[PDB]
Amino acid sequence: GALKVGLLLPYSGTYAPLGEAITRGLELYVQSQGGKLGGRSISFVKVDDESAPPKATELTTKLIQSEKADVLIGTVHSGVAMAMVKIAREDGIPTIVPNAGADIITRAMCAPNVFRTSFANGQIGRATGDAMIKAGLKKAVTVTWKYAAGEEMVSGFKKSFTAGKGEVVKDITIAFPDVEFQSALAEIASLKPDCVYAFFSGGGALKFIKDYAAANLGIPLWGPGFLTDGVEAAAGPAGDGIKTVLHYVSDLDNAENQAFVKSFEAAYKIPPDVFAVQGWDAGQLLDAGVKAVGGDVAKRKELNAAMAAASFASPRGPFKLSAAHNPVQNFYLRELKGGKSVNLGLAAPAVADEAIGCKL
């Protein structure tokens, strides 16, 4: 029969476009392989997590127990993902996290069956802060949503910004997923920083970019690249000049990216963003696992071990995992210019997240 791949993703709410992009990346990859992974037909069982941590346990249990998924792929929101991984790590089902950056997933919750194709929150925050110090910035205000991902990406940023002798004069938070930003912008003006570090993503990021530009602050905006990915065209001139750090830029010139961008644009009529890349690579990682067991997914231990050792070309570059199963990959400095992010050069080379707490 078909291999049942459970997809726990946001198909509604604020992160619906990210769930859509990840699903597109994964489906496009399966199509690129003639509709199979490791010889097996694929059936996607798509469960909407609503980016709602209170539902995460029950939805994960539905996928593992009631739907009898063979593989679990999810999710976007770090709070949902940490609850999902808490169950999945005890069950043993092969599990791939295609976005959620929660630090714990490849730290204390690391497990032989849990893999990530995206990033860790603290690591990307650190890379962004270090790029800002290298740029000569000294006095930051941070603004983000009040949940794990925002807290962790701000924490990483603050560590590298303050190690570089910068000062963070205020951390402003907004309830998730509220998009009333004007009072935060007035506070930012009053604090007179030399930069702002922001984490938002999806339509909330678009609104933030628009509102920030309309405030006429004369202060440069920075963030992890989630702040701009997927919203570049709609942001228009308000986006121009925003600086970000991310593990993907659409202009990367390698063969895998060129073919992927062409295939994705032909299918969906927009460029792929980082979320689509992360879904595509979840497909490549699963393919590696299923091929190594000749399609026999009953061989879970062997399938998971093969994924741990996998390496393949990603649209990013060479893909490989650390011992804790997080990607080891470049982070690029980018600027939004002309309705797309362009590569300004390498911000961080490919180094393994410290993985403190990951035992075995």
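Don't overthink the numbering: it's just position in the shown sequence, from 1.
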Mind pulling up the entry and telling me whether 22-30 or 66-74 has the higher mean Cα temperature factor? 66-74
Look over 250-258 and 110-118 in the entry and identify the one with the greater average Cα temperature factor. 250-258
When the entry's CA B-factors for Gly218, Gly225, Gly239, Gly202 are compared, the highest one belongs to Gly218
Sorting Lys46, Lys291, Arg316, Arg334 by Cα temperature factor from the record, which one lands on top? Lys291
Third of the chain's Cα B-factor distribution that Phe181 belongs to, per the entry: lowest
Please rank the C-alpha B-factors of the chain's modelled residues and tell me whether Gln329 sits in the lowest, middle or highest third. lowest
Sorting the chain's modelled residues by C-alpha B-factor, tell me whether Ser190 ends up in the lowest, middle or highest third. middle
Would you mind checking where the Cα B-factor of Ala16 ranks among the modelled residues of its chain, as the lowest, middle or highest third? lowest
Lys134 by Cα B-factor - lowest, middle or highest third of the modelled chain: highest
